[PDB]
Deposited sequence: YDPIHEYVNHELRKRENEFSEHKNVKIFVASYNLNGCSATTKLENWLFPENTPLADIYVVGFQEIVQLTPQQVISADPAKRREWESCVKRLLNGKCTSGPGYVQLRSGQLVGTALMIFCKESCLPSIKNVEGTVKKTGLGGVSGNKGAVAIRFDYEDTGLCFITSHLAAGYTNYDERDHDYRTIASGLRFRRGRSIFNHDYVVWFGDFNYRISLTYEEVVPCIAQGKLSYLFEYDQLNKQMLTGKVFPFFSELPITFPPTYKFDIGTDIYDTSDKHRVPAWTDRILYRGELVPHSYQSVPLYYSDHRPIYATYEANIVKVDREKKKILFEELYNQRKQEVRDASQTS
């Protein structure tokens, strides 16, 4: 401990604008449990849902690239090619988007694209995966620094089952403790973290109770029975993560190709299985499901603005030393 050093950091904090520049980066986060459906570029409603500018960074997570009943890199690459074609298709003049990196754990995959113009700012990209224990479930994560701000993205597919939310909570803990990038870096060591996917948490009511409530728009009532909300409220899972209020209907269990909830004999209770949660000072904007019908789940997305800082380290070290000396001499004089 050094009092003079503390003093300097305190003062310097007041003069940050002298060695720091701040910028807002737009980030589009998209999630889709595919039920093993084929890759296609017909995703416009999902990836360009709003009448707003294209994002700087697109973070796309898929579950069940192979329908669940050994990891297919080929199928993941078809999706990569489809997303890239779609993003560049909107870039009629000049530079488009490039894939920074992708990762995969069995049927779960995460791929991140950014504008070519963002590339010079992106550094220390790392990726890792972690399977769940208590198998085809788990997480895929990619992190990177954008100038001097650290971001970490995680997509997952957690334990399936109507009542086994204790196993999903266990999966959360397994992944939060188990995901490690280079040199033991954890997911929490970042300014912004977005963790999302098919967490599989369910609404704890019966099919016959839930369906008419959905049809009647009683989403607030149903959310009172959502297992994820219940476990987050107690700090048991995803502590310090936030979720925007859900204004869209349960994204799971639909007959494929239709607006109809599961009419199979399995009469699966609808649920908000697909979620996007964030930790850190992101500014959230949208959070919605989109009407694509290729799977028994609807895809979802969330948008954010992320404040980025670029620090002139050289210029800051100089001010620091100057302020530090000035203060040490001041204390010297006071002793005289």
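By the record, the deposited chain contains unmodelled runs at 70-74, 140-143, 346-347, with no C-alpha atoms placed there.
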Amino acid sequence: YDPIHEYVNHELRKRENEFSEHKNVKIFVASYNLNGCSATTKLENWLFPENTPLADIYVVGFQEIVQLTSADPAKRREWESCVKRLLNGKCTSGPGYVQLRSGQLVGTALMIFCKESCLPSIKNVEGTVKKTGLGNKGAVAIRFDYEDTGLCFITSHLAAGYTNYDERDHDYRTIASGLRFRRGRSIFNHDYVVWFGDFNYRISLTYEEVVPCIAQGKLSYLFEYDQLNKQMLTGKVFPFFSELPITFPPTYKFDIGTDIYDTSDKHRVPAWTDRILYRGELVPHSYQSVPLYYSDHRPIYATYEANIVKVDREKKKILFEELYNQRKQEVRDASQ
From here on, numbers count along this sequence of modelled residues.
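The PDB entry reports B-factors from which the mean C-alpha value can be compared for 306-314 and 26-34; the larger average falls on 306-314. Per the PDB record, of the two stretches 209-217 and 234-242, 234-242 carries the greater mean B-factor over its C-alpha atoms. Within the listed group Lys130, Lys84, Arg185, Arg77, the record reports its top CA B-factor for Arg185. Looking at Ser121, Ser204, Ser93, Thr108, the one whose CA carries the top B-factor in the deposited record is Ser93. Annotation for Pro270: C-alpha temperature factor in the lowest third relative to the rest of the modelled chain, per the entry. In this PDB entry, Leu54 carries a Cα temperature factor that places it within the highest third of its chain's modelled residues. Among the modelled residues of the chain, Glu281 sits in the highest third by CA temperature factor in this PDB entry. Among all modelled residues in its chain, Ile260 ranks in the lowest third by Cα B-factor.
Looking at the C-alpha B-factors along this chain, the one for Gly178 belongs to the middle third.
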